[PDB]
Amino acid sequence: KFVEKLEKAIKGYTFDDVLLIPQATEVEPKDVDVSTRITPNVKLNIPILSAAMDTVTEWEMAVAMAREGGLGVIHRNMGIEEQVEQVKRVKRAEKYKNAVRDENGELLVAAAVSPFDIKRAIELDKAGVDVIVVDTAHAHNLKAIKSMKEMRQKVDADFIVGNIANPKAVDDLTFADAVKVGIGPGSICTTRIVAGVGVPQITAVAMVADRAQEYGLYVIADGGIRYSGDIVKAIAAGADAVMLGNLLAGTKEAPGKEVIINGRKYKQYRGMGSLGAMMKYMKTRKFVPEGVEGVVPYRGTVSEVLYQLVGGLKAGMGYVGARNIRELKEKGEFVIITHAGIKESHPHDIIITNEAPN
């Protein structure tokens, strides 16, 4: 019985365990289309959402994301009235040819809510939020799901529930428009260390994506993205879009506090499940933290970060012969590599003097 648990254990892979195999390419890469659909009513011009964290997304980030064709999810570590005001400021913010707007030409915006905060949801919905993101650590909670269903029935906005890491969870969330995948891969996440629970992101996305495709739900890969190359892999693994925390934290638009150390600029970045975040409107029913607090170097503007990420994604799509997202998901093939392969993949046997992305 216990030995069979080990013998039958599935083998899980993360971003660094795989590489995409180059293929014949007819069109690339400057002509690559990266638009993608995440909900019945929402198609982004770039497959990127900014995390719903208090050191990542507030109104400024959301405006910047929407102007670039992406989407910002206003965090919920604030009062309901404060969150509705953030949403309104974004919707009325409008040179940005890639911007994603609603029927009235207003920038799109999303906002996070707890599975039980139906009041908050309705207020956000009335404020004109385009997407409601049920933001929980383990969405496959029955009681929570019952509350989610009631919530879905009382709002018009599109509905995204996350996070999950087991395909079986999709079967009980078919009332949502999309599911967010990611349990334990976050840069500031300690859930796997504290709880011992999780699934390597590439494997998690693939398992969930196959099940989601069966029900008509979209998939968002959340957490663990460190390089543009990870985005290409996530999409090839089945995701329609990715959600970034670390890579967007430290940008001018990020609400994280500035920090200088040794003359170098940084910005705070912390898990919403950290003491600091808890010491700020959520009160989780958790006895111990599952996130840490840290800092990331100053990255410049959101615009500059997205240009690099999207640039890399387009290069990767060109290399595999994918003219659009659907084709990447369709024909992207993987090769599994070893630790030594990981080392050779990064720059090696050299004293780097400049790694600039321009």
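In this text, residue numbers run from 1 along the sequence as written.
**Q** What number of deposited residues lacks coordinates in the span between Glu94 and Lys95: none, 1 to 3, 4 to 9, or 10 or more?
**A** The entry leaves 10 or more residues without coordinates here.
**Q** Can you count, per the entry, how many deposited residues between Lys280 and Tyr281 come without coordinates? Answer none, 1 to 3, 4 to 9, or 10 or more.
**A** 10 or more residues lack coordinates between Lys280 and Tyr281.
**Q** Select between 84-92 and 182-190 the stretch whose C-alpha atoms have the higher average B-factor in the entry.
**A** Comparing averages over the C-alpha atoms only gives 84-92.
**Q** Quick one: higher average CA temperature factor, 235-243 or 271-279?
**A** The stretch with the larger average C-alpha B-factor is 271-279.
**Q** Which one of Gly224, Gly72, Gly105, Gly196 shows the top CA temperature factor in the record?
**A** Among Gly224, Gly72, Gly105, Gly196, the PDB entry lists the largest C-alpha B-factor for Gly105.
**Q** Taking the values straight from the PDB record, which of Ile220, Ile164, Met207, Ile261 has the highest C-alpha temperature factor?
**A** That would be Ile261.
**Q** Within this chain, which third does the Cα B-factor at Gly216 fall in: lowest, middle or highest?
**A** Middle third of the chain for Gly216's C-alpha B-factor.
**Q** Compare the C-alpha B factor of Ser345 with those of the other modelled residues in its chain, then answer lowest, middle or highest third.
**A** Its C-alpha B-factor, which the entry lists for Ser345, ranks in the highest third among residues of this chain.
**Q** Sorting the chain's CA B-factors, does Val296 end up in the lowest, middle or highest third?
**A** Middle third by C-alpha B-factor.
**Q** Where does the C-alpha B-factor of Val302 rank in its chain, lowest, middle or highest third?
**A** Tercile = middle for this residue's CA B-factor.
**Q** Would you mind ranking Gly316 by its C-alpha B-factor against the rest of the chain and naming the third, lowest, middle or highest?
**A** It belongs to the lowest third of the chain when residues are ordered by C-alpha B-factor.
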